[PDB]
Amino acid sequence: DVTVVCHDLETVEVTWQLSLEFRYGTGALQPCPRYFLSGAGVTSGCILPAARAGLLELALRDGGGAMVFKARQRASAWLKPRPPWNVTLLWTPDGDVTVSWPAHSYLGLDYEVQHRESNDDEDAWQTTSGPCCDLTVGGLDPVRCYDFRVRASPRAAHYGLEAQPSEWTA
Amino acid sequence: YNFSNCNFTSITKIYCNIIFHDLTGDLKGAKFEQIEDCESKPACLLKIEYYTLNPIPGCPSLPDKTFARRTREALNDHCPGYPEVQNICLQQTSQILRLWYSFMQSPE
Amino acid sequence: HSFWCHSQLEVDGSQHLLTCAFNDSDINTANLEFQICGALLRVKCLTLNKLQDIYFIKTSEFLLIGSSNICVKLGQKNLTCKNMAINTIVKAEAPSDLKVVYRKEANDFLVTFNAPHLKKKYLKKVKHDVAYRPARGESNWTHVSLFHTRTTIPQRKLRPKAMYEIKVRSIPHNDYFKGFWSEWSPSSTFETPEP
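Protein chains in written order, with the entry's author numbering: chain C, 28 to 43, 53 to 206; chain A, 20 to 102, 116 to 140; chain B, 38 to 232.
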C-alpha cells in the first residue's frame with residue numbers, strides 16, 4: 028500500500053523500482069524533487085512541496101511505466117499538522133483548569149486535549165475537544181497531580197476524511 | 020448572482036453540522052479525483068450552487084437529494100436576494129463535497 | 038392555548054424527534070391538533086401524533102435549517118402559531134448507566150455514565166451537569182460541570198456513613214445547535230464509609 032502525508036501544509040510525503057510524477061493544476065507533469073532511496077537504490081518514497089491551492093495530481097509508475105497509483109486532490113487533503121508548540125495550564129477559582137496553546141498559522145483545526153491522574157494508566161486518558169486556542173476541563177481535584185497532552189486534529193468537514201491529527205505534545 | 024453578500028458564518032455552520040454529514044453519508048466511502056477548484060468563498064459557493072442544484076443526465080434527481088435541498092434552503096435563508117446512473121450521482125456528490133472543502137479553506 | 042416545544046436529534050436512528058405540549062394542563066385537547074409547516078425535506082407540513090397529554094413526531098424530514106411555524110389547529114382554524122427553528126430548541130438526550138464506585142486508595146468516589154450523543158451524527162458534543170446531595174433531608178444540590186463521562190469526588194467533600202443521591206443531565210454545546218437541558222437521568226445512590 029502507498030501512503031501520502033501533507034506535513035503542516037509545507038511538504039507532501041509519498042511512501043511506497054517505482055517513479056513518481058506530479059503537477060499542480062493542469063500544467064506539465066514533473067518528476068519527484070527528492071526520492072527516498074535504499075542501500076541498493078530502490079525508491080522508498082518521495083517529498084515534494086505543498087501548495088495551499090490547486091489540485092495535486094500524483095502518478096506513481098512501476099518499472100515499465102505502468103500505472104500503480106493515481107490521485108487528484110488538494111494537498112491539504114492529506115494534512116497532518118505539527119503538534120501545538122507549548123501547552124499552558126491555569127487553575128481557575130471555579131475549580132476548573134484552563135488549557136491553552138498557540139494558534140496554528142492556518143484555520144480548520146480542532147484541538148484534542150487529554151488528561152488523567154498522574155498516577156493513572158495509559159488507558160486512563162479522558163478527552164475533550166474544541167476550537168483554537170484554549171478550553172476548560174472541569175471537575176478536577178485541586179490537590180491531585182494531572183498529566184495533560186494536546187494534538188491538533190483537522191476538521192473532517194474542513195479538510196476531509198483523508199486528513200490526520202498531529203502527534204501529541206509532550 | 021454574486022454570493023459575496025452571503026452570510027458565510029451561518030452557512031459554514033449549516034454545512035459543518037448538517038450538509039457535510041449528508042454528503043459523506045451518500046458517498047459511503049466512494050471517492051473520485053476532483054475536477055474543478057475554487058480560490059474564494061463566493062467563487063466556491065458559485066460552483067457549489069451550480070453543481071448542486073442543476074440536474075445532470077444520469078442523475079436527474081440530484082437537486083432533490085437531501086443534501087441538495089438543504090443547500091438550496093441555506094442560500095435562500097442566508098444570501099440576499101438569492102432566487116439514472118448512481119455512479120454519476122456519486123461522482124457529482126464527490127465533486128461537490130470537495131468544493132465545500134475549498135470553500136472552508138478559502139478567504140472571504 | 039400557549040404551548041412549548043423541544044426537539045431531540047437522532048433518537049432511534051437517523052431520524053429526529055419533535056415534542057410539544059400545552060403549558061396549562063386542566064385543559065382539554067378536544068379535537069385539537071399540532072401542525073408544523075416549513076423547513077421540511079420531503080413534505081410541506083406534518084401533523085403530530087397525540088399520546089396522552091403530549092404531541093410528538095419522529096421523522097427524518099427536518100431540514101434543521103430555517104424556522105418552522107408550529108400551529109395549534111381546530112379543524113382548519115389556527116388557534117395559535119409560533120415561528121421557531123428546530124435547531125434552536127434542541128433537547129439533549131439524557132445520559133444512562135450512572136454509576137459510583139468508592140476508591141479507597143485514592144480516597145475518592147469515581148462517577149461514570151454513558152453519553153448517547155457520542156454515538157450520534159450531527160450533535161456529538163454536549164455539556165454535562167452532574168448533581169448530588171444526601172438522600173435524606175433537605176440540602177442544596179452540589180453541581181459539577183463536565184464535557185467528559187468520568188469525574189471524581191473527594192471523600193472529604195462528603196459526610197461519612199451517609200447515603201447520597203446522584204443524577205446527571207446534558208445540554209447541547211455546539212456553535213449551531215442550541216436548546217434545552219435533557220431530562221435528569223435516573224438517580225443512583227451510594228453510601229459513604231467511615232473517615
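Even for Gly, the Cβ is constructed at its ideal location relative to N, Cα and C.
Where does residue i sit, in a helix, a strand or coil, going by DSSP?
{"i": "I91(B)", "result": "strand"}
{"i": "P82(A)", "result": "helix"}
{"i": "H185(B)", "result": "coil"}
{"i": "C63(A)", "result": "helix"}
{"i": "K215(B)", "result": "coil"}
{"i": "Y71(C)", "result": "strand"}
{"i": "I102(B)", "result": "coil"}
{"i": "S165(C)", "result": "strand"}
{"i": "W121(C)", "result": "coil"}
{"i": "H97(A)", "result": "helix"}
{"i": "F184(C)", "result": "strand"}
{"i": "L135(B)", "result": "strand"}
{"i": "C57(A)", "result": "coil"}
{"i": "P190(C)", "result": "strand"}
{"i": "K116(C)", "result": "strand"}
{"i": "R173(B)", "result": "coil"}
{"i": "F40(B)", "result": "strand"}
{"i": "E203(C)", "result": "coil"}
{"i": "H140(C)", "result": "coil"}
{"i": "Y20(A)", "result": "coil"}
{"i": "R91(A)", "result": "helix"}
{"i": "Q53(C)", "result": "coil"}
{"i": "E142(B)", "result": "coil"}
{"i": "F59(B)", "result": "strand"}
{"i": "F71(B)", "result": "strand"}
Have a look at residue i and residue j and give me their C-alpha separation to the nearest angstrom.
{"i": "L100(B)", "j": "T62(C)", "result": "38 Å"}
{"i": "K87(B)", "j": "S104(B)", "result": "23 Å"}
{"i": "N124(B)", "j": "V78(C)", "result": "56 Å"}
{"i": "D132(C)", "j": "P223(B)", "result": "26 Å"}
{"i": "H53(B)", "j": "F58(C)", "result": "46 Å"}
{"i": "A168(B)", "j": "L195(B)", "result": "13 Å"}
{"i": "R110(C)", "j": "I126(B)", "result": "38 Å"}
{"i": "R91(A)", "j": "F214(B)", "result": "20 Å"}
{"i": "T188(B)", "j": "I64(B)", "result": "44 Å"}
{"i": "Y92(B)", "j": "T84(B)", "result": "9 Å"}
{"i": "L143(C)", "j": "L94(C)", "result": "25 Å"}
{"i": "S23(A)", "j": "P61(A)", "result": "5 Å"}
{"i": "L42(A)", "j": "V104(C)", "result": "29 Å"}
{"i": "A86(C)", "j": "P117(C)", "result": "13 Å"}
For the beta strand (DSSP E) holding residue i, just list the boundary residues, first then last.
{"i": "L111(B)", "result": "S105 to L111"}
{"i": "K114(B)", "result": "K114 to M121"}
{"i": "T172(C)", "result": "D170 to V173"}
{"i": "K157(B)", "result": "Where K157(B) is concerned, there is no enclosing beta strand (DSSP E), given that its DSSP letter is neither H nor E."}
Using the Cβ count rule (16 or more neighbours within 10 Å means buried), how would you classify residue i?
{"i": "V80(B)", "result": "exposed"}
{"i": "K198(B)", "result": "exposed"}
{"i": "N177(B)", "result": "exposed"}
{"i": "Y159(B)", "result": "buried"}
{"i": "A67(B)", "result": "exposed"}
{"i": "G174(C)", "result": "buried"}
{"i": "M136(A)", "result": "buried"}
{"i": "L92(C)", "result": "buried"}
{"i": "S134(A)", "result": "buried"}
Where do the N-terminal and C-terminal ends of the alpha helix (DSSP H) with residue i fall, by residue?
{"i": "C121(A)", "result": "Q118 to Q137"}
{"i": "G44(A)", "result": "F39 to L46"}
{"i": "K162(B)", "result": "First-last for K162(B): undefined, no H or E at that position."}
{"i": "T125(B)", "result": "Taken as a continuous stretch (DSSP letters only), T125(B) belongs to no alpha helix (DSSP H), as it is neither H nor E."}
{"i": "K32(A)", "result": "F27 to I33"}
Given a limit of 7 Å on CB to CB distance, which residues of the region 175 to 193 of chain C reach chain B?
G175 and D177
Which of the residues in the region 154 to 184 of chain B, read from start to end, lie with their CB under 8 Å from any CB of chain C?
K162, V167, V181, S182, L183 and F184
Residues from the region 43 to 65 of chain A in contact with chain C, defined by Cβ distance under 8 Å:
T43, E52, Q53, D56 and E58
Closer than 8 Å, Cβ to Cβ, to anything on chain A: give me those residues from the region 78 to 97 of chain B, in chain order.
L78
Report the residues of the region 84 to 112 of chain C with a CB closer than 8 Å to any CB of chain A, ordered along the chain.
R88, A89, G90, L91, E93, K106, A107, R108, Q109, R110 and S112
Positions along the region 81 to 98 of chain A whose CB lies within less than 7 Å of some CB in chain B:
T85, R88, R89, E92, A93 and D96
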